[PDB]
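One structure is given here, and the rest of the page talks about it.
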Amino acid sequence: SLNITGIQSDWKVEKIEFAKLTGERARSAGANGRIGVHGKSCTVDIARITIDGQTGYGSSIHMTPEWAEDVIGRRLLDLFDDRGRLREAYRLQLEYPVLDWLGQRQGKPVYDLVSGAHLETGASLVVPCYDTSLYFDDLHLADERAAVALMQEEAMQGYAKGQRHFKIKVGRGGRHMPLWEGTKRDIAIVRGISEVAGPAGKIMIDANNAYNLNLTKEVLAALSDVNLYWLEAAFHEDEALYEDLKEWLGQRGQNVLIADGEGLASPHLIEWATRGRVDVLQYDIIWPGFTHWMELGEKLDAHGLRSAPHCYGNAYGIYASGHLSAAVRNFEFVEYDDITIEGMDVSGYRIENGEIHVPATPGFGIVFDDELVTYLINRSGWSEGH
Ligand SMILES: [Mg+2]
């Protein structure tokens, strides 16, 4: 985990500032199984923390000025418990700015701070990613073949920018199209993208809970000849239904992993996973967060389970996920959305051959525009301390 031996006890939180950054994704995202068009506009809530005269930047949620006021003057060491873990009370609000800060101060990327590695460092961090942007962008098209063509073109847009693996939204028949037609269209689209991605491209499908078990089996059977890497959120997680699905997949010799964990998850999901009903856990990279994921990842690794942190709606989480991978053995993929946030320079990262290359620069390797953030803090955000 985190090594905090070189943190001096005199280093205190001097200032906390907050602002909302805005940008856009490269291509507008349509509906998914459960809700309507997501659009192009993106935001990231950011805090800038100052400790011992140095700044760190990162995602911050659930923080008010009044909360922050109470943290000004506290010693950085006191934010950690006896184990070198950031205390629960500070995680959502400050883990990212604090981790970035530690990286800036020590001149190390976060991945080196959290790997717990013993062997000499220096090797570049290269992490598998997948293109998560394949929404229901075809709904304005009545013709199934036209729809497949459009979705193939979207996959090819990602492919030209280095993407090799793709997560395809399915569930069109749950809400937005008639049940049977939408399910037929899901299948055709998945086939179409498979053809684009080729033999080494991993394909995932995400129903946003719009299926039931029999719809799921109908789709999986139809896609027998297609290699599917995982099935995500087929329906709200249920141990009995997944036990059934797993047995069914086994009898068929169909190798598809079951992935779940986003949103308001069952409190028993991990238990179900340890019993073999779910293979890949997808708690979000912002909530419950990075520190939580370090601990969770250790537990999942211990059970031979896989980690694939959810990230959507927050560009910052992409880069966080990349660093988290160094602390988790069975880390699957960074969930990638192509986003440009104003004031948030992520050019140190690049995508090539289905992997994100994480830079070895300090902290999270993201360079914020200090002056723009200051403007946003003052206009619409807030500041505590000095
Ligand atoms: Mg779920």
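In the structure tokens, chains take the letters A, B, ... in the order shown, each chain's residues start at 1, and ligands count up from 1 in the order shown.
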
What are the DSSP alpha helix (DSSP H) residues of segment 132-176 of chain A, as a short mmCIF file (atom, residue, chain, number, x, y, z; two decimals) with C-alpha atoms, in the first residue's frame?
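Written out: result.cif:
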```cif
data_model
loop_
_atom_site.label_atom_id
_atom_site.label_comp_id
_atom_site.auth_asym_id
_atom_site.auth_seq_id
_atom_site.Cartn_x
_atom_site.Cartn_y
_atom_site.Cartn_z
CA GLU A 144 -31.11 -3.01 -38.49
CA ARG A 145 -28.26 -3.16 -41.04
CA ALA A 146 -27.89 0.64 -41.06
CA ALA A 147 -27.67 0.48 -37.25
CA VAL A 148 -24.91 -2.15 -37.39
CA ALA A 149 -22.96 -0.07 -39.92
CA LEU A 150 -23.17 3.04 -37.73
CA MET A 151 -22.00 1.17 -34.63
CA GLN A 152 -19.17 -0.48 -36.57
CA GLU A 153 -18.04 2.98 -37.68
CA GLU A 154 -18.02 4.12 -34.05
CA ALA A 155 -15.86 1.14 -33.10
CA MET A 156 -13.55 1.98 -35.99
CA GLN A 157 -13.28 5.59 -34.70
CA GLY A 158 -11.94 4.18 -31.45
CA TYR A 159 -9.74 1.66 -33.24
CA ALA A 160 -7.99 4.43 -35.18
#
```

Set the distance at 6 Å and use only C-alpha atoms: which residues neighbour segment 9-13 of chain A once local chain neighbours fewer than 4 positions away are removed? I'd like the list as number ranges by chain.
A: 51-52, 72-76

Using only C-alpha atoms and all ligand atoms, determine which residues fall within 12 Å of ligand 1, then list them as a ChimeraX atom specification.
/A:206-211,231-239,242,258-270,278,280-284,310

For the residues in that selection, give me N, CA, C and O atoms as a short mmCIF file (atom, residue, chain, number, x, y, z; two decimals), in the first residue's frame.
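Dumped everything to out-v7.cif:
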```
data_model
loop_
_atom_site.label_atom_id
_atom_site.label_comp_id
_atom_site.auth_asym_id
_atom_site.auth_seq_id
_atom_site.Cartn_x
_atom_site.Cartn_y
_atom_site.Cartn_z
N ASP A 206 -22.85 -4.81 -22.05
CA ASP A 206 -23.36 -4.18 -20.84
C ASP A 206 -24.82 -3.88 -21.08
O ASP A 206 -25.14 -3.06 -21.94
N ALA A 207 -25.70 -4.54 -20.33
CA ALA A 207 -27.15 -4.39 -20.51
C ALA A 207 -27.77 -3.31 -19.62
O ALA A 207 -28.94 -3.01 -19.76
N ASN A 208 -26.97 -2.71 -18.74
CA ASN A 208 -27.52 -1.78 -17.75
C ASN A 208 -28.81 -2.34 -17.14
O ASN A 208 -29.80 -1.62 -16.98
N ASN A 209 -28.76 -3.62 -16.81
CA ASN A 209 -29.84 -4.34 -16.12
C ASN A 209 -31.16 -4.50 -16.88
O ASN A 209 -32.19 -4.83 -16.29
N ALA A 210 -31.12 -4.30 -18.19
CA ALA A 210 -32.35 -4.30 -18.98
C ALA A 210 -32.83 -5.69 -19.39
O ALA A 210 -33.90 -5.82 -19.96
N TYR A 211 -32.03 -6.73 -19.12
CA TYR A 211 -32.45 -8.08 -19.44
C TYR A 211 -33.11 -8.76 -18.23
O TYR A 211 -33.19 -8.17 -17.15
N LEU A 231 -19.98 -10.40 -19.69
CA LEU A 231 -21.34 -9.90 -19.65
C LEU A 231 -21.53 -9.10 -18.37
O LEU A 231 -21.44 -9.64 -17.27
N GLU A 232 -21.82 -7.82 -18.54
CA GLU A 232 -21.93 -6.88 -17.43
C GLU A 232 -23.38 -6.45 -17.22
O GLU A 232 -24.11 -6.12 -18.18
N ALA A 233 -23.81 -6.47 -15.96
CA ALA A 233 -25.11 -5.92 -15.60
C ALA A 233 -26.25 -6.47 -16.45
O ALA A 233 -27.06 -5.70 -16.96
N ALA A 234 -26.31 -7.79 -16.61
CA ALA A 234 -27.41 -8.39 -17.37
C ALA A 234 -28.76 -8.03 -16.76
O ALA A 234 -29.72 -7.68 -17.48
N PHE A 235 -28.80 -8.08 -15.44
CA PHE A 235 -29.98 -7.78 -14.63
C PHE A 235 -29.44 -7.51 -13.25
O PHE A 235 -28.30 -7.87 -12.94
N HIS A 236 -30.22 -6.85 -12.40
CA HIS A 236 -29.70 -6.56 -11.07
C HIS A 236 -29.23 -7.86 -10.42
O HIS A 236 -29.94 -8.86 -10.43
N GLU A 237 -28.02 -7.82 -9.86
CA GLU A 237 -27.39 -9.02 -9.34
C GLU A 237 -28.28 -9.80 -8.38
O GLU A 237 -28.95 -9.23 -7.51
N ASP A 238 -28.26 -11.11 -8.55
CA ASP A 238 -29.08 -12.02 -7.77
C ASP A 238 -28.32 -13.34 -7.75
O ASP A 238 -27.95 -13.88 -8.80
N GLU A 239 -28.03 -13.87 -6.56
CA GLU A 239 -27.21 -15.07 -6.50
C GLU A 239 -27.82 -16.28 -7.22
O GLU A 239 -27.12 -17.05 -7.88
N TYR A 242 -27.60 -15.79 -11.10
CA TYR A 242 -26.23 -15.99 -11.58
C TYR A 242 -25.73 -17.43 -11.39
O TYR A 242 -24.98 -17.91 -12.22
N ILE A 258 -18.78 -13.17 -15.85
CA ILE A 258 -19.88 -12.35 -15.33
C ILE A 258 -19.30 -11.16 -14.55
O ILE A 258 -18.50 -11.34 -13.61
N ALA A 259 -19.70 -9.94 -14.93
CA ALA A 259 -19.18 -8.72 -14.32
C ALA A 259 -20.32 -7.91 -13.71
O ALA A 259 -21.40 -7.78 -14.31
N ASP A 260 -20.12 -7.39 -12.49
CA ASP A 260 -21.17 -6.61 -11.87
C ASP A 260 -20.56 -5.78 -10.74
O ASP A 260 -19.38 -5.95 -10.44
N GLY A 261 -21.33 -4.87 -10.17
CA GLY A 261 -20.85 -4.09 -9.04
C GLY A 261 -21.09 -2.59 -9.11
O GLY A 261 -20.96 -1.91 -8.10
N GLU A 262 -21.47 -2.07 -10.27
CA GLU A 262 -21.73 -0.64 -10.38
C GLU A 262 -22.97 -0.19 -9.60
O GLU A 262 -23.90 -0.96 -9.39
N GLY A 263 -22.99 1.08 -9.22
CA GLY A 263 -24.20 1.68 -8.66
C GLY A 263 -24.54 1.18 -7.27
O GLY A 263 -23.68 0.83 -6.49
N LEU A 264 -25.84 1.13 -6.97
CA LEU A 264 -26.30 0.69 -5.66
C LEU A 264 -26.30 -0.83 -5.65
O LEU A 264 -27.32 -1.47 -5.93
N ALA A 265 -25.15 -1.41 -5.34
CA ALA A 265 -24.95 -2.84 -5.50
C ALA A 265 -25.53 -3.61 -4.33
O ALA A 265 -25.70 -3.06 -3.23
N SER A 266 -25.82 -4.88 -4.56
CA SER A 266 -26.20 -5.75 -3.45
C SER A 266 -25.10 -5.76 -2.40
O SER A 266 -23.92 -5.92 -2.73
N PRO A 267 -25.47 -5.61 -1.13
CA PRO A 267 -24.48 -5.71 -0.05
C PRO A 267 -23.81 -7.08 0.03
O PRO A 267 -22.79 -7.20 0.73
N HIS A 268 -24.37 -8.08 -0.64
CA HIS A 268 -23.83 -9.44 -0.60
C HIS A 268 -23.07 -9.84 -1.86
O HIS A 268 -22.67 -11.00 -2.02
N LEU A 269 -22.85 -8.88 -2.76
CA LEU A 269 -22.24 -9.18 -4.06
C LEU A 269 -20.88 -9.86 -3.97
O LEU A 269 -20.62 -10.82 -4.68
N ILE A 270 -20.02 -9.38 -3.08
CA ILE A 270 -18.71 -9.97 -2.97
C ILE A 270 -18.81 -11.39 -2.45
O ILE A 270 -18.15 -12.29 -2.95
N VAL A 278 -20.06 -14.63 -9.69
CA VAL A 278 -19.67 -13.38 -10.35
C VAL A 278 -18.14 -13.36 -10.40
O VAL A 278 -17.49 -13.76 -9.44
N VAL A 280 -16.02 -10.67 -12.04
CA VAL A 280 -15.37 -9.38 -12.20
C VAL A 280 -16.18 -8.35 -11.43
O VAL A 280 -17.39 -8.25 -11.62
N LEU A 281 -15.53 -7.63 -10.54
CA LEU A 281 -16.21 -6.65 -9.69
C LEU A 281 -15.94 -5.23 -10.18
O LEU A 281 -14.80 -4.88 -10.50
N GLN A 282 -16.98 -4.41 -10.19
CA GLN A 282 -16.91 -3.14 -10.91
C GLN A 282 -17.33 -1.94 -10.11
O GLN A 282 -17.88 -0.99 -10.67
N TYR A 283 -17.05 -1.95 -8.81
CA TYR A 283 -17.22 -0.74 -8.01
C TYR A 283 -16.52 0.45 -8.66
O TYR A 283 -15.46 0.32 -9.26
N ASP A 284 -17.14 1.61 -8.55
CA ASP A 284 -16.68 2.81 -9.24
C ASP A 284 -15.38 3.38 -8.63
O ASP A 284 -15.16 3.31 -7.41
N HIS A 310 -15.38 0.60 -12.32
CA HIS A 310 -16.23 1.36 -13.21
C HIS A 310 -15.75 2.80 -13.31
O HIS A 310 -15.31 3.42 -12.33
#
```

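Pairwise distance (atom CA of residue 360 of chain A, atom CA of residue 82 of chain A) equals 28.7 Å.
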
Write out as a PDB file with N, CA and C atoms, in the first residue's frame which residues come within 6 Å of residue 341 of chain A when counting only C-alpha atoms, dropping same-chain ones fewer than 2 positions away.
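Saved as out-v4.pdb:
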```pdb
ATOM      1  N   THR A  22     -15.041  21.725 -16.812  1.00  0.00           N
ATOM      2  CA  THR A  22     -15.971  21.305 -17.850  1.00  0.00           C
ATOM      3  C   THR A  22     -15.227  20.969 -19.129  1.00  0.00           C
ATOM      4  N   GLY A  23     -15.787  20.050 -19.900  1.00  0.00           N
ATOM      5  CA  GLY A  23     -15.241  19.731 -21.200  1.00  0.00           C
ATOM      6  C   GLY A  23     -16.251  18.959 -22.021  1.00  0.00           C
ATOM      7  N   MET A 344      -7.352  20.621 -17.795  1.00  0.00           N
ATOM      8  CA  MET A 344      -6.856  19.349 -17.281  1.00  0.00           C
ATOM      9  C   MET A 344      -6.031  18.638 -18.351  1.00  0.00           C
TER      10      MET A 344
END
```

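Closest to residue 20 of chain A among A:374, A:115, A:1, A:106 is A:374, based on only C-alpha atoms.
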
Excluding residue 94 of chain A and residues on its chain fewer than 4 positions from it, collect all residues at most 8 Å away from it, counting only C-alpha atoms, and give them as a ChimeraX atom specification.
/A:47,58-60,90,98

Let's have the selection written as a CSV table (one decimal), in the first residue's frame, with C-alpha atoms.
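Below you can see out.csv, which holds the result:
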```
chain,number,residue,atom,x,y,z
A,47,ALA,CA,-10.1,20.1,-5.3
A,58,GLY,CA,-7.6,15.6,-7.8
A,59,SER,CA,-11.2,14.5,-8.0
A,60,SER,CA,-13.2,15.5,-4.9
A,90,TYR,CA,-11.3,11.8,4.2
A,98,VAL,CA,-3.6,14.0,-1.2
```
